[PDB]
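Working notes, structure below.
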Amino acid sequence: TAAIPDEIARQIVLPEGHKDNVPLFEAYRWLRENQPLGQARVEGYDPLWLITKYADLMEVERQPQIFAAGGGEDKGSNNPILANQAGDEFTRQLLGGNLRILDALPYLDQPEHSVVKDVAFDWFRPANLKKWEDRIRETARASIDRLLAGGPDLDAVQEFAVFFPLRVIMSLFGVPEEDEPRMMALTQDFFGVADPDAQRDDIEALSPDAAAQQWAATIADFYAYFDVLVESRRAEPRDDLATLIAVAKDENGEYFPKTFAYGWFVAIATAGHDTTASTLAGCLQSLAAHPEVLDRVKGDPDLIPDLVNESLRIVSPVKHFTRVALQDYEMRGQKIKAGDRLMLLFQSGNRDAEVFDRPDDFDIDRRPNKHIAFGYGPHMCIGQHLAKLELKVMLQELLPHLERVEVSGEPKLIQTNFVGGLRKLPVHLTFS
Ligand code: HEM
Ligand SMILES: Cc1ccccc1Cl
């Protein structure tokens, strides 16, 4: 019944707690082994049930009528992305009493979530993505040509891994190549709200609500950009994902409000590339630690999907979403009360020893690989099949050209409790 001990709680709740994976994952592990379902009571944050166990992540996510993302009928009464209390108070001042700062899927509950998700559900299905595979492969090959041309010493993140997923999504989305640097800069602002090296110049960086001010400022910039794109595609439809979303109409034949398109566009323009980049960079880091794995996958390219799945499990770049209990609920001998918030720790679920043998080992021979890196339930990642296709295609084209990866300098992670992973991975590559 006791609260989680303060230093374990802070390690997971505070963005600074995620600056180094070793103490973070040790805190995950301490909870899974000693307090698998406890409440973190960190100063400046609401109390949070920390959902650390794989089974409990599934139990919560499969019950959206009990555990809401946005607050149920009181729309925007829960922030699905953990802000501090001061930040949620900033947002309630900005919006007028609620936290629904985007109309994007994470903020929605059923049935609204189901209606909006159905706009793009079919586009994202694996069979409907096959038509993009050749364009993806041409983009991978061009990115690899530049890697070979630039020589063996580089930052595998900022000088390689970031560009391929961004070009893929912007090409499919319909954003011109000259706008990629702007989308990359706003993505860094968006996922860097609490990172000391990613602060915007137009917000008070040291204010208690700084991250929330940066989140809002970045969204306003994305809205200004996407307003032009929505109007453009409504006026002149094209065969791109921007058009599918911009022209979408509800069951009465009326356009969805423009903010619904902007929500899709923010998600596609940020998570649509950043997570794939993180997973690719994490894969390279693991191939440096496990050179026998690189040798094996060059020997059998049919192992590439297994390598992708184990990179997703280990990297798990999307760290959490929050839920709120709409009624009292008992789980794992604990009494969650109506109104209590939950933090879904996907990275911890992915290390649960009840599910994965030697969960901290990089083992591509987990078959099936039961990872929960894409979450679960009706909110399960819509982009999962595009991410797995892009990572497969890039590795099929890249690994033949790599004999060895060496990490030659200190890796750096984005300091976030939300969408993280590497921002820097200095390497020495040996080309074949
Ligand atoms: C390695 C790549 C990725 C990982 C690990 C990842 C992971 C996740 C996770 C854990 C969630 C939350 C699921 C939940 O609430 O249960 C999520 C949601 C989502 N992701 Fe992905 N993601 C990846 C790539 C992508 C891509 C490529 C796109 C789009 C092109 C995308 C779009 C979304 C959207 C729109 C949501 C919100 C879904 C909803 O709330 O219904 N993701 N992702
Ligand atoms: C903002 C965001 C982050 C991760 C996955 C999806 C979305 Cl929409």
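Brief remarks follow.
- Any hit, region 127-143, residues being crowded, with 19+ Cβ neighbours inside 10 Å and without any contact (Cβ under 8 Å) to a residue 40 or more places away in the chain: yes
- Residue that is farthest from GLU397 (Cα to Cα) [pool: residues in region 126-183 that are more than 24 Å from the chain's Cα centre (by Cα) and among the hydrophobic types (A, V, I, L, M, F, W, C)]: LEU154
- Filtered residue count, region 311-347, keeping only those that are among the hydroxyl-bearing types (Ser, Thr, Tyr) and over 22 Å from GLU26 (Cβ atoms): 2
- Restricting attention to region 300-347 and to residues that are aliphatic (A, V, I, L, M) and part of a loop (DSSP other than H, G, I, E, B), the residue that is nearest to ligand 1 (Cβ to nearest atom) turns out to be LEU345.
- Tally, over region 262-272, of residues that are within 6 Å of ligand 1 (Cβ to nearest atom), within 16 Å of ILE101 (Cβ to Cβ) and more than 9 Å from the chain's Cα centre (by Cα): 1
- Within region 28-82, the residues that satisfy the criterion of being in a helix (DSSP H, G or I) and hydroxyl-bearing (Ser, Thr, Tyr) are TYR28, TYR54.
- Pairs where the first residue, in region 85-112, is free of Cβ contacts under 8 Å to residues at least 12 places away in the same chain and the second is part of a loop (DSSP other than H, G, I, E, B), C-beta under 7 Å, 6+ apart: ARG92/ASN98; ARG92/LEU99
- Residue within region 290-299 that is within 15 Å of ligand 1 (Cβ to nearest atom), of a type outside the set (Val, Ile, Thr) and touching a helix residue (DSSP H, G or I) at 6+ places or on another chain (Cβ under 7 Å) present: no
- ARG141 vs. criteria more than 22 Å from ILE81 (Cβ to Cβ) and basic (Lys, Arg): yes
- Leading residue by the ranking (farthest from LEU241 (Cα to Cα)) among those in region 82-118 that are over 21 Å from the mean Cα position of the chain (by Cα) and β-branched (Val, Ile, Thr): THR91
- Test: residue in region 273-285 that is at negative phi and more than 16 Å from ligand 1 (Cβ to nearest atom): no
- Failed item in (1) more than 16 Å from ligand 2 (Cβ to nearest atom); (2) surrounded by 17 or more Cβ atoms within 10 Å (Cβ to Cβ); (3) part of a loop (DSSP other than H, G, I, E, B), with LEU398 passing the rest: (3)
- Filter result for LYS298 (among the charged types (D, E, K, R) and either surrounded by 23 or more Cβ atoms within 10 Å (Cβ to Cβ) or within 16 Å of ligand 2 (Cβ to nearest atom) (or both)): no
- Sole residue being within 16 Å of ligand 1 (Cβ to nearest atom), under 18 Å from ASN417 (Cβ atoms) and touching a strand residue (DSSP E or B) at 6+ places or on another chain (Cβ under 9 Å), chosen from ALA69, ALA40: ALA69
- Being under 21 Å from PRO106 (Cα atoms), away from ligand 1 (no atom under 16 Å from the Cβ), out of contact with any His (no Cβ under 9 Å at 6 or more places or on another chain) and in contact (Cβ under 8 Å) with a residue 24 or more places away in the chain is true of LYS258.
- For the criterion of being within 13 Å of ligand 1 (Cβ to nearest atom) and of a type in the set (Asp, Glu), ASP103 passes.
- Selection within region 367-391: residues that are surrounded by fewer than 19 Cβ atoms within 10 Å (Cβ to Cβ) and of a type in the set (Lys, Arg). The member of this set that is farthest from ligand 2 (Cβ to nearest atom) is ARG367.
- Among the residues of region 249-279, those that are away from ligand 2 (no atom under 12 Å from the Cβ) and in a helix (DSSP H, G or I) comprise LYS258, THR259, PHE260, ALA261, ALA277, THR279.
- Matching residues, region 368-422, being more than 10 Å from ligand 1 (Cβ to nearest atom) and charged (D, E, K, R): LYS370, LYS392, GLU397, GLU403, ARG404, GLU406, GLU410, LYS412
- Every residue from region 409-432 that is over 21 Å from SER316 (Cα atoms) and of a type outside the set (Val, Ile, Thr): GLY409, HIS428, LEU429, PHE431, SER432
- Positions within region 314-373 being among the aromatic types (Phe, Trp, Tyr) and within 25 Å of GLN110 (Cβ to Cβ), in sequence order: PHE321, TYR329, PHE346
For neighbour counting, all protein chains shown are included, and Cβ atoms are generated from backbone atoms with ideal geometry for every residue, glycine included. FYI, it's all coordinate maths here, none of it is from the lab.
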